[PDB]
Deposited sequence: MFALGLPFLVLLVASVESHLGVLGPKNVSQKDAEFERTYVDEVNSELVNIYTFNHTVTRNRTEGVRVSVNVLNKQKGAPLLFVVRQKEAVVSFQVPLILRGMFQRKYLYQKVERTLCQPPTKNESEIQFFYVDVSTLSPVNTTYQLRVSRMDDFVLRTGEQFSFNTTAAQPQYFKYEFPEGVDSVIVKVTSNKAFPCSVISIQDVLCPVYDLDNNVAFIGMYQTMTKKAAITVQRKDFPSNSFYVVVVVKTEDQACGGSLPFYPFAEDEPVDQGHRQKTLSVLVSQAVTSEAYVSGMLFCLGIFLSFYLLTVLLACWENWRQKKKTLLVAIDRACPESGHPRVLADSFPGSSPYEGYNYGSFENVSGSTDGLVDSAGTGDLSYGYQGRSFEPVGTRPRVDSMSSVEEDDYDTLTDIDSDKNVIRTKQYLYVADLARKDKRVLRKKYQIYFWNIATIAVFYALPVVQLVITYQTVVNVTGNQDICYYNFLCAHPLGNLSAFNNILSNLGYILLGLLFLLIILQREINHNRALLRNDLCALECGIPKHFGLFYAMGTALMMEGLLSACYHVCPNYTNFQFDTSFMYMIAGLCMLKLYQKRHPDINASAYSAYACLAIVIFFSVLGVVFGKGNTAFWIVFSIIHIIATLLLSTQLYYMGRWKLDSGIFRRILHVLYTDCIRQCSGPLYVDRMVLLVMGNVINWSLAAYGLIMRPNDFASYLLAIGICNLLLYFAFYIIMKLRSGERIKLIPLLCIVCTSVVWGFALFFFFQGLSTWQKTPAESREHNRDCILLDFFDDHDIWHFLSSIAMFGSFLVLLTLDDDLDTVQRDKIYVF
């Protein structure tokens, strides 16, 4: 008729080996003492032995204000109707903050089974002394898919933001690191975990900025969960299948985030240099002298897509809390307002102020030229090299529009959102091809449409590469061969001592870039083709310099200095562009094992320094084009 019920008084830190059957139920009564100030965490471990296939043990932990219950061997879901089985289950117990200063709290563990044979479990309830996290101290722990871990941080006084950094040494147990408030329960199951709070799938790295304003209890729970499968982290997979051998050893560090002097140090470093250029130029001019809207039209046909998509799409995460959508550099992302990576946006102040200053140069030069025309001298276009500021204006505005088309990319950098930032750098890379060429020929408008078509073709090839973002080896070699063919065909179009010497030093760099693209197989294709863009640009600059050099004229120092400085800055910028060029892989999990701290002035990482050197180098090359054949203001041949 009735069952045996064995009610017994148990203790902490003492393994209990008992056994139950279909007609026995074991009820253990643990107690402890909780204190207002110091907190502690009970963790229950249960482990059946040589378990039979009949019926699981069923465990119930009853507290004053919550009930937890599971069934051991725990069975978790695969993906395509697969089941994984764990002989060993553990959970920490959520307990609401205490009211009294110290009190005694009980809780009972109920073990029962419906299997008609004995089963020998192994209960053990243990106190946790490393529950609370401390600011700046690394701390390790192990957790399988059946043993979700969680710890508790609470902000000190005067810390209004921290950043949680979790880092494992191996890649293929997956994980989720959620950060929730301290209101029980705690969603730390494979299904509950993504319900609230901000989470991040991790493979080797995870980082989450947390702010005090979110949590009125001045604390939060860091919850670490390990997934049954590694598909969502790039891995591959081959009735229940035993999977109790798969741990993950982690390390959690919670350090304070920059307060306010980083912000001002970022502004007062953008403004303190990009205005240095302004003053330098305006003071140089006095010494020297006293000793239509097509770009914006295309940008407006693209902007409402870019602007609306990115603005709406950031808010989606900002209201969701799923940080696997936008591919920031989470170690260096210092949010202001609703902007997550604020520094990745000031870093585009260069392009803006530099395109603007280039325009303000061209304006003055054009009106000076028309005033000198009103002086009625023979140096209209014969004694000089025919002036056409129409394309200089184009460069000076395209730089401005680049300082906006990527400042919107760096709001949710993403797989789809990519081509915005770097494709617009081909346009400005194309114009330098035009003007230089145009600087030796009367009509280029017939080839201007062809240049627009060539840029569109490059963008289409970039789109194709982005579509096959997992580009096969055949994919890579196909582009390799077609680009070598393009180089070989382009060598002919430029046809002596140095005329053919150019080809000696061109094909080698073509091969070198292709070889690195093949061997690295970088996930990024457009930003890789950009490297070829700059390489061709610099080679063309050098070649035109060489051809100008086989005439008995003399280059004035004022542009020669520009050539050398622009070359050196392009030396820097490609370095900081290759440091981050592999830092973007398929899945946000391993697109996160390439992050890195803020390098310069606590606020800017690599990419934020490339957003600087790129603008300064391109401005330097603009001035090179403006002033390169400047000395030829007398010869009318």
| property | result |
| --- | --- |
| Regions of the deposited sequence not represented in the model | 1-23, 262-268, 322-449, 654-684, 827-832 |
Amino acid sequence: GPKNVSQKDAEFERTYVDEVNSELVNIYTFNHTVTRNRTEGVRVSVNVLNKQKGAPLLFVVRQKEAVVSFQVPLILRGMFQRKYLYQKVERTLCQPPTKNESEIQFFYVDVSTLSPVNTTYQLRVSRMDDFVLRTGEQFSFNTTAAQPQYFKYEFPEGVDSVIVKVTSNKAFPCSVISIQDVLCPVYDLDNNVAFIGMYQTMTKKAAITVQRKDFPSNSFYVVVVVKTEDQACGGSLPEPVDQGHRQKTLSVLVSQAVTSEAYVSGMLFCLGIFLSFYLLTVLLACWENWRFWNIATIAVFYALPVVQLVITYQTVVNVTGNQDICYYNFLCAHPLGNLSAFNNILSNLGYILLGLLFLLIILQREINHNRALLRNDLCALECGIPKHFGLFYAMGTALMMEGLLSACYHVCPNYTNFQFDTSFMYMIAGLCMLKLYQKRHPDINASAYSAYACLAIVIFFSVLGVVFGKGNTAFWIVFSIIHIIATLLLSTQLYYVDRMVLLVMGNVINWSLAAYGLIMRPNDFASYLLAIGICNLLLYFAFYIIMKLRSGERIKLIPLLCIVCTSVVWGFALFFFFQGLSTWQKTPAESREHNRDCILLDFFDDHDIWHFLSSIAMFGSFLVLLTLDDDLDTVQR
From here on, numbers count along this sequence of modelled residues.
item: Flanks modelled, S447 absent in at least a third of other entries; value: yes
item: Third-or-more of other entries without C379; value: yes
